[PDB]
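Engineer: In the entry's author numbering, the protein residues as written are 57 to 162.
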Amino acid sequence: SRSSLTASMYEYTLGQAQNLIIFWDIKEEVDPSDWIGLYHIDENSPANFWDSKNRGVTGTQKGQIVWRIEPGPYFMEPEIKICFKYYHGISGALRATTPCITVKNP
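(1) Which two residues bound the contiguous beta strand (DSSP E) that contains residue 94?
(2) Run through the DSSP bridge pairs and tell me what residue 109 is partnered with.
(3) Should residue 93 go down as buried or exposed, given a rule of 16 or more other Cβ atoms within 10 Å for buried?
(4) Which of helix, strand or coil does DSSP assign to residue 60?
(5) Helix, strand or coil for residue 71, going by three-state DSSP, please let me know.
(6) Could you check where the beta strand (DSSP E) with residue 140 kicks off and where it finishes?
(7) The beta strand (DSSP E) spanning residue 120 covers which residue range?
(8) For residue 134, collect the residues of the same chain with a Cβ closer than 8 Å to its Cβ; drop the 5 residues on either side in sequence, then sort them by chain order.
(9) Give every residue of the same chain whose Cβ lies closer than 7 Å to the Cβ of residue 151, excluding the five residues on either side of it in the sequence, and list them in chain order.
(10) If you follow the beta strand (DSSP E) that residue 149 is part of, which residue opens it and which one closes it?
(11) Terminal residues of the continuous beta strand (DSSP E) containing residue 159?
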């Protein structure tokens with residue numbers, strides 16, 4: 057079994073009761089420098105200084121963080137394509153990623 061980063065749903069409409077939970081299940085022995093970064097699917101710098109998961113992803117192998125996708129400065133488009141990315145802090149090596157999540161803005 058390999059390291060995985062899955063999500064409750066890969067499509068979220070803004071202003072719904074249904075929230076998006078991010079389930080990470082990493083088989084690698086994790087470092088306390090690990091994190092999940094929330095970046096827009098954008099043809100730009102692969103650093104993509106963007107949103108992220110805070111405390112709770114601080115080098116934990118497996119767990120979940122539920123999050124309300126609210127229409128803020130990050131969510132301006134009619135359909136915001138985002139992706140969560142669990143990086144292993146050592147070398148900043150991408151350990152796991154979610155499919156491109158379609159955040160729809162009605």
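A virtual CB, placed ideally from N, CA and C, is assigned to each residue, including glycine.
Structural biologist: In this structure, then:
(1) The residue labelled residue 94 in the question sits at position 38 within the sequence shown. Note, residue 94: beta strand (DSSP E), 91-96.
(2) In the sequence shown, the residue the question calls residue 109 occupies position 53. DSSP, once it has assigned bridges, lists no residue as partnering residue 109.
(3) If you number the sequence shown from 1, residue 93 lands on position 37. By the 10 Å Cβ count, residue 93 comes out buried.
(4) Taking the sequence shown and counting its residues from 1, the one referred to as residue 60 is at position 4. Correct three-state label for residue 60: strand.
(5) By 1-based counting over the sequence shown, the position of residue 71 is 15. Secondary structure of residue 71 (DSSP, three-state): coil.
(6) For the purposes of this step, residue 140 is identified with residue 84 of the sequence shown, where counting begins at 1. Its beta strand (DSSP E) spans residues 135-144.
(7) Position 64 of the sequence shown, counted from the first residue, corresponds to residue 120. Note, residue 120: beta strand (DSSP E), 118-123.
(8) Here residue 134 refers to the residue found at position 78 of the sequence shown. Result list for residue 134: 160, 161, in chain order.
(9) Here residue 151 refers to the residue found at position 95 when the sequence shown is read from its first residue. Counting only residues of its own chain and dropping the five nearest sequence neighbours on each side, residue 151 has a CB closer than 7 Å to the CB of 59, 82, 84, 142, 143, 144.
(10) Position 93 of the sequence shown, counting from 1, holds the residue named residue 149. From DSSP, the beta strand (DSSP E) with residue 149 extends over 149-153.
(11) One-based indexing of the sequence shown puts residue 159 at position 103. Annotation: the continuous beta strand (DSSP E) that includes residue 159 extends over 157-160.
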